[PDB]
Amino acid sequence: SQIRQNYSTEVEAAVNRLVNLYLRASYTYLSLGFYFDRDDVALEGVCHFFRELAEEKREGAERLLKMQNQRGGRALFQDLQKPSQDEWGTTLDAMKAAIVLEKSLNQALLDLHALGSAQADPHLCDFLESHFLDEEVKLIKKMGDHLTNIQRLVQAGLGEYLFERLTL
Amino acid sequence: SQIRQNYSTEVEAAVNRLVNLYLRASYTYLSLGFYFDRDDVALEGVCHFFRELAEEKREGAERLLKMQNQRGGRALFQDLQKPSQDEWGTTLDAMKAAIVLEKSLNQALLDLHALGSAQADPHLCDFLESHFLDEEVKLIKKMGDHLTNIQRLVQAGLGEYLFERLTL
Amino acid sequence: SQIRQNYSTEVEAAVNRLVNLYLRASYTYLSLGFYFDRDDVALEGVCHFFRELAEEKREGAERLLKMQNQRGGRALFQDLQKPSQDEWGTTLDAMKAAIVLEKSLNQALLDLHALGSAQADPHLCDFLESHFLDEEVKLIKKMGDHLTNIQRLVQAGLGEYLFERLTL
Amino acid sequence: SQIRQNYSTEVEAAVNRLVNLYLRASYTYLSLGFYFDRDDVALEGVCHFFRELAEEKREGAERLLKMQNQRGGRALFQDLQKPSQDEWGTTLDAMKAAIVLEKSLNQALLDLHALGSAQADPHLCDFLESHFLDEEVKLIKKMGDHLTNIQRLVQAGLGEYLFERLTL
Amino acid sequence: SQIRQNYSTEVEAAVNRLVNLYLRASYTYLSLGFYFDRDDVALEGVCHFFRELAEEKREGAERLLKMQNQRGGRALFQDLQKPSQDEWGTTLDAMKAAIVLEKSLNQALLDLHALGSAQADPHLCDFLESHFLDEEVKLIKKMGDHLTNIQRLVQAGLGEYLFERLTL
């Protein structure tokens with residue numbers, strides 16, 4: 001590539017893998033959102049919380065793909081595996097699964113950052129720091145806060161309703 | 001009728017029956033609304049929910065009557081039977097009765113649509129699709145969502161109060 | 001499902017399959033868009049055309065999923081297969097592949113409509129007519145118009161540049 | 001210097017060298033810009049593209065000089081060598097020379113970043129990441145995109161005219 | 001007719017013939033417009049040019065009919081013959097056919113003017129001069145200008161595209 005400079009094949013491949021992970025996360029949140037939209041679940045605030053996160057993760061994937069091209073790397077797409085569950089249980093179960101998912105994404109970001117540092121690729125390192133690392137930390141804090149409030153509240157039915165009405 | 005075209009006597013009669021069903025539904029919701037306005041019931045949000053539905057069903061009847069005339073059919077009115085109950089119990093009981101009522105109206109709309117299709121009357125079919133069928137589907141979804149939230153909430157007194165305050 | 005009425009298991013399954021087809025189409029257009037963003041391809045108008053279509057197809061999938069829930073059906077997600085190509089060649093090649101993809105989606109919509117008609121499900125039939133069928137017809141017309149103009153223009157390099165600058 | 005802290009003589013010297021490189025780049029772009037303003041060249045969009053870049057590179061030099069003083073280092077200026085060419089040939093030749101120049105600047109920024117990291121000078125590292133590294137990556141991507149479009153277009157005279165009119 | 005004054009049967013008949021000629025011209029331009037809207041032709045600017053002319057010619061017919069009544073003559077309508085072609089070939093072919101059509105209309109206007117002069121009917125003469133004769137001269141000039149530019153441009157495919165994009 002005429003523009004490619006200081007951009008290792010290892011980082012290029014890892015960025016494609018991270019795109020897949022972000023799209024998979026978006027898909028998982030799409031599934032979560034529509035599950036809470038079921039008439040036998042019916043927690044609209046929880047549905048909206050996860051649909052927003054689906055959009056965020058898709059946007060993160062697109063930012064990665066834009067960066068791949070800016071550096072002269074080549075986007076390669078793989079199958080997107082379906083989410084791990086078809087039904088997501090309670091808001092508590094769903095929020096635990098979301099924090100698991102975000103921690104996995106954060107770990108992938110940290111692994112890529114370490115790779116970038118080992119490859120002396122400061123543009124990559126700054127990109128991740130600037131657009132992804134703090135967003136993950138803030139989101140995980142928010143989920144942990146939500147989990148604590150959900151747990152405090154669970155008369156589990158009343159608790160789930162109040163959390164959805166008064167927090168989300 | 002000088003304007004009547006492709007409008008079968010069977011559809012004409014069925015449209016008059018559906019008008020009666022919609023007015024009956026309006027009357028039922030009028031009864032539901034004022035029951036929740038009783039000082040010994042006193043759930044204003046539930047009263048407002050059903051009074052709004054009374055207005056919607058009356059409006060649906062009027063739309064049917066306007067259509068009857070547009071097609072050159074002749075409106076014929078029958079007695080409006082009183083609602084099935086004088087007292088409607090809890091918000092849960094009332095919402096179950098409302099979903100029963102809406103499903104019966106929806107089934108009548110679907111029967112009329114099938115009639116219209118058998119009579120090759122696409123204006124009727126489009127009219128129903130455009131003004132009634134999706135409105136019923138959306139309303140039934142909303143009632144089902146309400147029922148699920150009511151059920152989750154029912155300390156049944158506290159639950160009924162919170163639903164009325166925070167959802168309705 | 002408490003709300004489910006006149007909604008066959010066959011339509012429910014077909015709606016889940018159509019969701020997968022729309023998400024796959026979105027993914028294909030995401031791939032198309034970023035390919036035209038490559039520094040060795042560099043046709044920004046073509047990139048924007050396909051990124052817009054990615055968004056449209058995702059939105060169509062979400063509309064289907066919302067409908068699934070409104071009817072009381074249950075969303076089931078499957079793996080999303082990667083797009084058929086990693087590199088998409090010329091704007092001409094890409095627009096031919098897009099018209100192939102849209103025709104396949106349109107055929108799936110028509111198959112589902114026929115199913116809905118056979119199952120006497122007019123809500124489904126109206127839903128498809130109202131939100132999908134005319135959008136597909138308009139989009140295919142636009143692509144065909146684009147293809148004709150691309151073909152007229154292809155000094156193939158000059159042609160591709162002018163189309164991107166003056167049409168897109 | 002009373003304020004100097006964690007600022008190595010090696011970085012101080014390298015920052016002065018980078019100032020010279022940025023001023024040299026500004027001078028090169030000044031030459032490029034006025035060449036395209038010649039009546040026997042006459043490509044105003046190309047002239048404007050390079051005059052803008054002259055300003056950008058001068059501004060980058062000034063930002064470096066401001067930083068030098070903020071850290072307590074001492075600006076030292078050297079002769080500014082004249083640009084490598086007196087006449088710059090075609091827009092294609094000029095854009096190739098510009099990408100060569102930007103890659104050399106980017107490599108100098110990366111070398112300085114590596115120096116800063118080896119000297120454990122995170123302020124320097126952040127400064128470069130924040131103000132220079134991403135700007136270079138974006139600019140090189142844009143030049144590469146321009147080069148690809150120029151190449152696609154070159155009836156070379158017609159191509160050069162159209163690029164200047166429709167892209168620049 | 002109580003109002004009829006200085007309005008010969010010969011002019012009355014000729015005005016009815018000219019109405020037919022203008023409606024025929026409108027129909028021809030309707031055909032031209034939709035031909036350029038075909039997906040295998042796809043020149044939207046050319047389609048718009050001819051659809052506008054269809055409207056102009058219809059309006060001219062209506063102005064003639066209004067005049068017929070103002071003078072106390074009696075509008076008589078004849079069949080409108082279909083346009084001379086089903087497919088109109090290239091923009092060049094179409095613009096040549098349009099100039100042929102406009103010249104025929106102009107000649108009919110000039111013949112009617114001569115008739116009006118021979119019948120000493122200055123109202124008719126002024127009407128034609130004021131509303132039709134200069135409009136035809138301007139339109140024919142514009143078509144001739146278009147033809148010259150089309151001809152200059154025809155790599156005939158590229159030429160047709162550029163004319164549609166940059167002139168129409």
# chains A, B, ... in the order shown; residues from 1 in each chain; ligands from 1
>>> interface_residues(of="chain C", to="chain D", cutoff="12 Å", atoms="only C-alpha atoms", output="ChimeraX atom specification")
/C:36-45,90,155-166
>>> write_last_selection(atoms="C-alpha atoms", output="short mmCIF file (atom, residue, chain, number, x, y, z; two decimals), in the first residue's frame")
data_model
loop_
_atom_site.label_atom_id
_atom_site.label_comp_id
_atom_site.auth_asym_id
_atom_site.auth_seq_id
_atom_site.Cartn_x
_atom_site.Cartn_y
_atom_site.Cartn_z
CA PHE C 36 -14.41 1.92 -1.81
CA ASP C 37 -12.79 3.79 1.14
CA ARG C 38 -9.45 1.96 0.45
CA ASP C 39 -6.68 4.39 -0.56
CA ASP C 40 -6.09 2.29 -3.71
CA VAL C 41 -9.78 2.49 -4.66
CA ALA C 42 -10.75 5.91 -3.29
CA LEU C 43 -14.26 6.55 -4.59
CA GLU C 44 -15.91 8.37 -1.70
CA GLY C 45 -19.33 8.76 -3.35
CA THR C 90 -14.94 -1.79 -10.13
CA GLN C 155 -11.76 5.21 -21.06
CA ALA C 156 -13.01 3.28 -18.04
CA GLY C 157 -10.99 5.14 -15.38
CA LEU C 158 -12.29 8.54 -16.46
CA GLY C 159 -15.81 7.07 -16.57
CA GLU C 160 -15.66 5.70 -13.04
CA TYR C 161 -14.34 9.01 -11.68
CA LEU C 162 -17.02 11.08 -13.44
CA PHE C 163 -19.86 8.84 -12.26
CA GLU C 164 -18.68 9.07 -8.69
CA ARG C 165 -18.27 12.86 -8.92
CA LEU C 166 -21.40 13.77 -10.88
#
>>> residues_around(residues="residue 128 in chain D", least_positions_apart="4", cutoff="12 Å", atoms="only C-alpha atoms", output="tab-separated table (two decimals) with C-alpha atoms, in the first residue's frame")
chain	number	residue	atom	x	y	z
A	122	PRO	CA	2.09	4.91	18.72
A	123	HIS	CA	-0.68	5.93	16.33
A	126	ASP	CA	-3.22	6.67	20.81
D	15	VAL	CA	12.75	18.88	18.51
D	18	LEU	CA	12.04	18.53	13.58
D	60	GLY	CA	3.33	22.63	13.04
D	63	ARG	CA	3.61	24.42	17.77
D	64	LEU	CA	6.94	22.58	18.22
D	67	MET	CA	6.46	23.27	23.19
D	106	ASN	CA	5.91	11.05	9.71
D	108	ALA	CA	10.74	11.80	11.91
D	109	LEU	CA	7.73	12.10	14.24
D	110	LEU	CA	7.86	8.35	14.92
D	111	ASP	CA	11.60	8.50	15.60
D	112	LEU	CA	11.06	11.37	18.07
D	113	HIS	CA	8.22	9.46	19.72
D	114	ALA	CA	10.52	6.44	20.14
D	115	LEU	CA	13.19	8.72	21.61
D	116	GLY	CA	10.62	10.20	24.00
D	117	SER	CA	9.54	6.71	25.09
D	121	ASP	CA	9.15	11.57	28.61
D	122	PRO	CA	5.38	11.02	28.44
D	123	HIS	CA	4.58	14.69	27.94
D	124	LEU	CA	6.54	14.64	24.68
D	132	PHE	CA	1.00	15.47	14.84
D	133	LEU	CA	0.69	11.72	14.52
D	134	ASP	CA	-3.01	11.53	13.62
D	135	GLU	CA	-2.79	14.64	11.42
D	136	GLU	CA	-0.04	12.92	9.41
>>> select_by_dssp(residues="range 81-164 of chain E", states="alpha helix (DSSP H)", output="compact mmCIF listing (two decimals) with C-alpha atoms, in the first residue's frame")
# COMPACT_ATOMS: atom_id res chain seq x y z
CA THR E 91 -30.47 12.38 -26.70
CA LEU E 92 -29.22 13.62 -30.08
CA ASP E 93 -32.00 11.77 -31.95
CA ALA E 94 -34.56 13.06 -29.45
CA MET E 95 -33.44 16.69 -29.66
CA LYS E 96 -33.52 16.52 -33.49
CA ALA E 97 -37.06 15.17 -33.34
CA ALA E 98 -38.03 17.95 -30.88
CA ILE E 99 -36.70 20.69 -33.18
CA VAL E 100 -38.63 19.12 -36.08
CA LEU E 101 -41.77 19.16 -33.94
CA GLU E 102 -41.29 22.80 -32.78
CA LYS E 103 -40.65 24.01 -36.34
CA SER E 104 -43.91 22.35 -37.42
CA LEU E 105 -45.78 24.09 -34.59
CA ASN E 106 -44.10 27.40 -35.45
CA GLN E 107 -45.09 27.02 -39.10
CA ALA E 108 -48.69 26.36 -38.03
CA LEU E 109 -48.60 29.52 -35.87
CA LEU E 110 -47.25 31.51 -38.82
CA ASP E 111 -49.94 30.11 -41.13
CA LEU E 112 -52.64 31.08 -38.61
CA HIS E 113 -51.12 34.53 -38.25
CA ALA E 114 -51.21 34.96 -42.04
CA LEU E 115 -54.84 33.82 -42.04
CA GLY E 116 -55.64 36.31 -39.26
CA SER E 117 -53.98 39.11 -41.24
CA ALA E 118 -55.89 38.16 -44.45
CA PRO E 122 -55.88 41.97 -35.30
CA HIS E 123 -56.92 40.47 -31.97
CA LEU E 124 -55.92 37.02 -33.25
CA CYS E 125 -52.68 38.38 -34.71
CA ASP E 126 -51.75 40.11 -31.41
CA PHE E 127 -52.72 37.02 -29.40
CA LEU E 128 -50.37 34.82 -31.40
CA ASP E 134 -41.70 34.62 -29.37
CA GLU E 135 -41.95 31.55 -27.11
CA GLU E 136 -41.39 29.35 -30.18
CA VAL E 137 -38.46 31.41 -31.40
CA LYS E 138 -36.79 31.26 -27.92
CA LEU E 139 -37.44 27.50 -27.58
CA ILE E 140 -36.09 26.68 -31.03
CA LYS E 141 -32.93 28.73 -30.30
CA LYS E 142 -32.46 26.78 -27.07
CA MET E 143 -32.92 23.44 -28.85
CA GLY E 144 -30.52 24.43 -31.59
CA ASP E 145 -27.96 25.42 -28.89
CA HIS E 146 -28.51 22.02 -27.22
CA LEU E 147 -28.13 20.17 -30.50
CA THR E 148 -24.83 21.96 -31.21
CA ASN E 149 -23.51 21.02 -27.76
CA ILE E 150 -24.68 17.44 -28.06
CA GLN E 151 -23.01 17.15 -31.46
CA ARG E 152 -19.73 18.64 -30.17
CA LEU E 153 -19.74 16.02 -27.40
CA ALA E 156 -20.60 9.13 -27.49
CA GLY E 157 -21.63 7.55 -24.17
CA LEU E 158 -19.42 9.87 -22.13
CA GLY E 159 -20.74 12.81 -24.20
CA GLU E 160 -24.39 11.99 -23.56
CA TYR E 161 -23.78 11.59 -19.82
CA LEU E 162 -21.87 14.89 -19.54
CA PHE E 163 -24.51 16.85 -21.47
CA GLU E 164 -27.24 15.52 -19.24
>>> residues_around(residues="residue 22 in chain B", least_positions_apart="3", cutoff="6 Å", atoms="only C-alpha atoms", output="MDAnalysis selection string")
chainID B and resid 19 25 57 61
>>> write_last_selection(atoms="C-alpha atoms", output="compact mmCIF listing (two decimals), in the first residue's frame")
# COMPACT_ATOMS: atom_id res chain seq x y z
CA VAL B 19 -70.07 -0.87 13.73
CA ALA B 25 -66.52 -1.87 22.78
CA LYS B 57 -63.50 2.72 19.52
CA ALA B 61 -67.22 3.04 14.43
>>> residues_around(residues="residue 34 in chain C", least_positions_apart="3", cutoff="9 Å", atoms="only C-alpha atoms", output="PyMOL selection string")
(chain A and resi 62+65-66+69+75) or (chain C and resi 29-31+37-38+47+50-51)
>>> write_last_selection(atoms="N, CA, C and O atoms", output="short mmCIF file (atom, residue, chain, number, x, y, z; two decimals), in the first residue's frame")
data_model
loop_
_atom_site.label_atom_id
_atom_site.label_comp_id
_atom_site.auth_asym_id
_atom_site.auth_seq_id
_atom_site.Cartn_x
_atom_site.Cartn_y
_atom_site.Cartn_z
N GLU A 62 -17.10 0.32 13.01
CA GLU A 62 -16.88 1.22 11.90
C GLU A 62 -15.68 2.16 12.09
O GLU A 62 -14.98 2.46 11.13
N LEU A 65 -12.72 0.11 11.34
CA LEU A 65 -12.58 -0.15 9.91
C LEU A 65 -12.04 1.11 9.19
O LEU A 65 -11.23 1.01 8.27
N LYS A 66 -12.49 2.28 9.62
CA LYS A 66 -12.01 3.54 9.05
C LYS A 66 -10.49 3.67 9.32
O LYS A 66 -9.71 4.02 8.42
N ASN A 69 -8.34 1.35 7.11
CA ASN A 69 -8.08 1.99 5.82
C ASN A 69 -7.13 3.20 5.91
O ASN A 69 -6.31 3.42 5.00
N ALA A 75 -9.29 -4.42 5.33
CA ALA A 75 -10.40 -4.99 6.09
C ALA A 75 -10.72 -6.39 5.58
O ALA A 75 -10.86 -6.63 4.37
N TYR C 29 -23.09 -4.72 2.47
CA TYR C 29 -22.94 -3.30 2.11
C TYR C 29 -21.88 -2.60 2.96
O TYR C 29 -21.24 -1.65 2.50
N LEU C 30 -21.72 -3.04 4.22
CA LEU C 30 -20.63 -2.53 5.06
C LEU C 30 -19.29 -2.84 4.38
O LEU C 30 -18.40 -1.95 4.27
N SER C 31 -19.14 -4.09 3.93
CA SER C 31 -17.93 -4.52 3.22
C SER C 31 -17.72 -3.71 1.95
O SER C 31 -16.64 -3.19 1.69
N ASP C 37 -13.57 2.90 0.27
CA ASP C 37 -12.79 3.79 1.14
C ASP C 37 -11.29 3.43 1.14
O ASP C 37 -10.48 4.18 1.69
N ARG C 38 -10.88 2.31 0.53
CA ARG C 38 -9.45 1.96 0.45
C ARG C 38 -8.68 3.05 -0.31
O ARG C 38 -9.21 3.62 -1.27
N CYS C 47 -18.44 4.76 -1.75
CA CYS C 47 -18.40 4.35 -0.35
C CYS C 47 -19.68 4.83 0.38
O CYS C 47 -20.33 4.04 1.10
N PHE C 50 -22.96 2.92 -0.52
CA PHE C 50 -23.11 1.59 0.09
C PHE C 50 -23.22 1.65 1.61
O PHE C 50 -23.92 0.84 2.22
N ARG C 51 -22.57 2.63 2.23
CA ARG C 51 -22.72 2.73 3.69
C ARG C 51 -24.15 3.11 4.05
O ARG C 51 -24.69 2.63 5.05
#
>>> atom_distance(atom1="CA of residue 13 in chain E", atom2="CA of residue 80 in chain E")
16.3 Å
>>> calpha_fit_and_write(fixed="chain A", moving="chain D", output="short mmCIF file (atom, residue, chain, number, x, y, z; two decimals) with C-alpha atoms, in the first residue's frame")
data_model
loop_
_atom_site.label_atom_id
_atom_site.label_comp_id
_atom_site.auth_asym_id
_atom_site.auth_seq_id
_atom_site.Cartn_x
_atom_site.Cartn_y
_atom_site.Cartn_z
CA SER D 1 0.00 0.00 0.00
CA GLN D 2 1.39 3.41 -1.03
CA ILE D 3 0.42 4.98 2.31
CA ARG D 4 1.24 2.12 4.69
CA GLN D 5 3.90 3.11 7.24
CA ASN D 6 4.84 1.52 10.56
CA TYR D 7 1.72 -0.68 10.41
CA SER D 8 2.57 -4.31 11.13
CA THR D 9 0.75 -7.30 9.64
CA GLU D 10 0.15 -8.44 13.24
CA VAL D 11 -1.75 -5.27 14.17
CA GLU D 12 -3.62 -5.31 10.87
CA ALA D 13 -4.87 -8.87 11.62
CA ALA D 14 -5.70 -8.04 15.22
CA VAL D 15 -7.70 -4.98 14.13
CA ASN D 16 -9.77 -7.25 11.83
CA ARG D 17 -10.37 -9.65 14.72
CA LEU D 18 -11.43 -6.74 16.95
CA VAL D 19 -13.90 -5.56 14.29
CA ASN D 20 -15.47 -9.03 14.38
CA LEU D 21 -15.63 -8.91 18.20
CA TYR D 22 -17.34 -5.49 18.12
CA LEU D 23 -19.88 -6.60 15.48
CA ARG D 24 -20.57 -9.75 17.52
CA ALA D 25 -21.10 -7.55 20.58
CA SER D 26 -23.50 -5.33 18.57
CA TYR D 27 -25.42 -8.45 17.52
CA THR D 28 -25.57 -9.69 21.13
CA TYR D 29 -27.02 -6.33 22.24
CA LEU D 30 -29.53 -6.39 19.36
CA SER D 31 -30.70 -9.78 20.70
CA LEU D 32 -30.79 -8.46 24.29
CA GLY D 33 -32.80 -5.39 23.22
CA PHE D 34 -35.50 -7.31 21.36
CA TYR D 35 -35.80 -9.86 24.13
CA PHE D 36 -36.81 -7.09 26.57
CA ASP D 37 -39.32 -5.87 23.91
CA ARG D 38 -41.18 -9.26 24.12
CA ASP D 39 -44.76 -8.84 25.39
CA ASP D 40 -44.00 -11.45 28.10
CA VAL D 41 -40.92 -9.51 29.26
CA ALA D 42 -41.94 -5.92 28.53
CA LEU D 43 -39.22 -3.78 30.09
CA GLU D 44 -38.91 -0.90 27.64
CA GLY D 45 -36.12 0.93 29.50
CA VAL D 46 -33.99 -2.24 29.44
CA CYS D 47 -34.76 -2.73 25.75
CA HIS D 48 -33.63 0.88 25.04
CA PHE D 49 -30.44 0.49 27.14
CA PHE D 50 -29.33 -2.51 25.07
CA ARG D 51 -30.43 -1.13 21.71
CA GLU D 52 -28.31 1.96 22.39
CA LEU D 53 -25.35 -0.31 23.20
CA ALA D 54 -25.90 -2.24 19.93
CA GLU D 55 -25.51 1.05 18.08
CA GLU D 56 -22.40 1.99 20.10
CA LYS D 57 -20.67 -1.29 19.33
CA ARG D 58 -21.50 -1.06 15.62
CA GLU D 59 -20.08 2.46 15.61
CA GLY D 60 -16.90 1.18 17.31
CA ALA D 61 -16.50 -1.44 14.59
CA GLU D 62 -16.88 1.22 11.90
CA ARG D 63 -14.30 3.45 13.60
CA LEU D 64 -11.86 0.49 13.57
CA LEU D 65 -12.58 -0.15 9.91
CA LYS D 66 -12.01 3.54 9.05
CA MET D 67 -8.67 3.35 10.92
CA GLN D 68 -7.67 0.14 9.12
CA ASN D 69 -8.08 1.99 5.82
CA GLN D 70 -6.37 5.19 7.09
CA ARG D 71 -3.28 3.06 7.88
CA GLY D 72 -3.34 1.16 4.59
CA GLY D 73 -4.39 -2.15 6.09
CA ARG D 74 -7.07 -4.28 4.44
CA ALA D 75 -10.40 -4.99 6.09
CA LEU D 76 -11.26 -8.69 6.10
CA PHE D 77 -14.66 -9.78 7.39
CA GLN D 78 -15.53 -13.14 8.95
CA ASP D 79 -18.82 -14.77 9.86
CA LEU D 80 -20.56 -13.18 12.80
CA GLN D 81 -21.43 -15.84 15.31
CA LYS D 82 -24.93 -15.69 16.76
CA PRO D 83 -25.26 -14.52 20.39
CA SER D 84 -24.62 -17.05 23.15
CA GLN D 85 -28.26 -17.10 24.28
CA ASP D 86 -31.72 -16.96 22.69
CA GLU D 87 -33.47 -15.78 25.90
CA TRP D 88 -31.75 -13.58 28.45
CA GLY D 89 -33.72 -14.19 31.69
CA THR D 90 -34.02 -11.34 34.15
CA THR D 91 -32.60 -7.77 33.92
CA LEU D 92 -30.06 -8.99 36.48
CA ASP D 93 -29.02 -11.93 34.27
CA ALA D 94 -28.84 -9.62 31.25
CA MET D 95 -26.72 -6.98 32.99
CA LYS D 96 -24.31 -9.69 34.25
CA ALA D 97 -23.98 -11.01 30.70
CA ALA D 98 -23.37 -7.44 29.41
CA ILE D 99 -20.57 -6.83 31.93
CA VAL D 100 -19.00 -10.16 30.91
CA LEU D 101 -19.18 -9.08 27.27
CA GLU D 102 -17.71 -5.59 27.93
CA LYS D 103 -14.84 -7.02 29.99
CA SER D 104 -14.01 -9.36 27.09
CA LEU D 105 -13.99 -6.42 24.67
CA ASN D 106 -11.87 -4.38 27.09
CA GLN D 107 -9.39 -7.23 27.41
CA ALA D 108 -9.17 -7.43 23.60
CA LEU D 109 -8.52 -3.66 23.46
CA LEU D 110 -5.79 -4.02 26.10
CA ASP D 111 -4.21 -6.94 24.21
CA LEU D 112 -4.18 -4.86 20.99
CA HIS D 113 -2.71 -1.91 22.86
CA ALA D 114 0.08 -4.16 24.19
CA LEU D 115 0.68 -5.44 20.66
CA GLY D 116 0.82 -1.86 19.37
CA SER D 117 3.34 -0.94 22.08
CA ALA D 118 5.51 -4.02 21.30
CA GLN D 119 5.41 -3.05 17.61
CA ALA D 120 6.26 0.60 18.46
CA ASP D 121 3.05 1.79 16.74
CA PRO D 122 2.09 4.91 18.72
CA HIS D 123 -0.68 5.93 16.33
CA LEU D 124 -2.50 2.67 17.10
CA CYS D 125 -1.87 3.08 20.83
CA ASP D 126 -3.22 6.67 20.81
CA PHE D 127 -6.20 5.66 18.68
CA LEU D 128 -7.25 3.00 21.17
CA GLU D 129 -6.65 5.26 24.16
CA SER D 130 -8.57 8.12 22.61
CA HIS D 131 -11.62 6.29 21.29
CA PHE D 132 -12.09 2.97 23.11
CA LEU D 133 -10.25 2.52 26.37
CA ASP D 134 -11.95 5.28 28.38
CA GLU D 135 -15.35 4.53 26.82
CA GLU D 136 -15.02 0.93 28.04
CA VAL D 137 -13.96 1.97 31.52
CA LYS D 138 -16.95 4.40 31.80
CA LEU D 139 -19.41 1.81 30.44
CA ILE D 140 -18.22 -0.94 32.76
CA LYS D 141 -18.52 1.44 35.75
CA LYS D 142 -22.09 2.25 34.70
CA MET D 143 -22.97 -1.45 34.34
CA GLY D 144 -21.43 -2.27 37.69
CA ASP D 145 -23.49 0.58 39.25
CA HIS D 146 -26.62 -0.84 37.56
CA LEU D 147 -25.85 -4.35 38.76
CA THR D 148 -25.45 -3.12 42.36
CA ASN D 149 -28.81 -1.32 42.18
CA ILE D 150 -30.55 -4.28 40.59
CA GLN D 151 -29.15 -6.57 43.29
CA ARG D 152 -30.23 -4.22 46.10
CA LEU D 153 -33.76 -4.26 44.66
CA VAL D 154 -34.17 -8.04 44.32
CA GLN D 155 -39.86 -9.02 45.95
CA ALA D 156 -37.94 -9.46 42.71
CA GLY D 157 -40.75 -8.50 40.31
CA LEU D 158 -41.37 -5.17 42.02
CA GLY D 159 -37.59 -4.57 42.05
CA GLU D 160 -37.18 -5.19 38.33
CA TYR D 161 -40.10 -2.89 37.50
CA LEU D 162 -38.81 -0.06 39.71
CA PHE D 163 -35.28 -0.25 38.31
CA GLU D 164 -36.58 -0.06 34.78
CA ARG D 165 -38.90 2.85 35.63
CA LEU D 166 -36.61 4.91 37.86
CA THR D 167 -33.07 4.26 36.64
CA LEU D 168 -33.38 3.41 32.95
#
>>> decode(residues="range 11-20 of chain E", atoms="N, CA, C and O atoms", output="PDB file, in the first residue's frame")
ATOM      1  N   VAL E  11     -60.777  31.117 -39.186  1.00  0.00           N
ATOM      2  CA  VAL E  11     -59.876  31.221 -38.044  1.00  0.00           C
ATOM      3  C   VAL E  11     -60.344  30.293 -36.945  1.00  0.00           C
ATOM      4  O   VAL E  11     -59.540  29.593 -36.352  1.00  0.00           O
ATOM      5  N   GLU E  12     -61.652  30.278 -36.691  1.00  0.00           N
ATOM      6  CA  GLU E  12     -62.209  29.386 -35.687  1.00  0.00           C
ATOM      7  C   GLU E  12     -61.762  27.945 -35.945  1.00  0.00           C
ATOM      8  O   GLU E  12     -61.334  27.255 -35.018  1.00  0.00           O
ATOM      9  N   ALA E  13     -61.885  27.478 -37.191  1.00  0.00           N
ATOM     10  CA  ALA E  13     -61.491  26.092 -37.534  1.00  0.00           C
ATOM     11  C   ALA E  13     -59.990  25.886 -37.377  1.00  0.00           C
ATOM     12  O   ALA E  13     -59.538  24.848 -36.899  1.00  0.00           O
ATOM     13  N   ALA E  14     -59.216  26.869 -37.805  1.00  0.00           N
ATOM     14  CA  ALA E  14     -57.773  26.766 -37.719  1.00  0.00           C
ATOM     15  C   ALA E  14     -57.310  26.748 -36.272  1.00  0.00           C
ATOM     16  O   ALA E  14     -56.314  26.095 -35.960  1.00  0.00           O
ATOM     17  N   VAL E  15     -58.004  27.484 -35.393  1.00  0.00           N
ATOM     18  CA  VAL E  15     -57.644  27.483 -33.974  1.00  0.00           C
ATOM     19  C   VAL E  15     -57.926  26.083 -33.412  1.00  0.00           C
ATOM     20  O   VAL E  15     -57.119  25.554 -32.664  1.00  0.00           O
ATOM     21  N   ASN E  16     -59.047  25.458 -33.785  1.00  0.00           N
ATOM     22  CA  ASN E  16     -59.265  24.066 -33.337  1.00  0.00           C
ATOM     23  C   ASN E  16     -58.180  23.077 -33.839  1.00  0.00           C
ATOM     24  O   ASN E  16     -57.758  22.159 -33.116  1.00  0.00           O
ATOM     25  N   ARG E  17     -57.732  23.268 -35.062  1.00  0.00           N
ATOM     26  CA  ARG E  17     -56.676  22.418 -35.586  1.00  0.00           C
ATOM     27  C   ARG E  17     -55.380  22.658 -34.799  1.00  0.00           C
ATOM     28  O   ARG E  17     -54.639  21.696 -34.484  1.00  0.00           O
ATOM     29  N   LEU E  18     -55.104  23.912 -34.464  1.00  0.00           N
ATOM     30  CA  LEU E  18     -53.871  24.219 -33.740  1.00  0.00           C
ATOM     31  C   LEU E  18     -53.918  23.648 -32.305  1.00  0.00           C
ATOM     32  O   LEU E  18     -52.897  23.209 -31.764  1.00  0.00           O
ATOM     33  N   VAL E  19     -55.084  23.683 -31.673  1.00  0.00           N
ATOM     34  CA  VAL E  19     -55.249  22.989 -30.397  1.00  0.00           C
ATOM     35  C   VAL E  19     -54.849  21.510 -30.516  1.00  0.00           C
ATOM     36  O   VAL E  19     -54.151  20.971 -29.639  1.00  0.00           O
ATOM     37  N   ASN E  20     -55.319  20.839 -31.559  1.00  0.00           N
ATOM     38  CA  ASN E  20     -55.001  19.431 -31.742  1.00  0.00           C
ATOM     39  C   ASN E  20     -53.478  19.250 -31.889  1.00  0.00           C
ATOM     40  O   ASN E  20     -52.902  18.358 -31.274  1.00  0.00           O
TER      41      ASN E  20
END
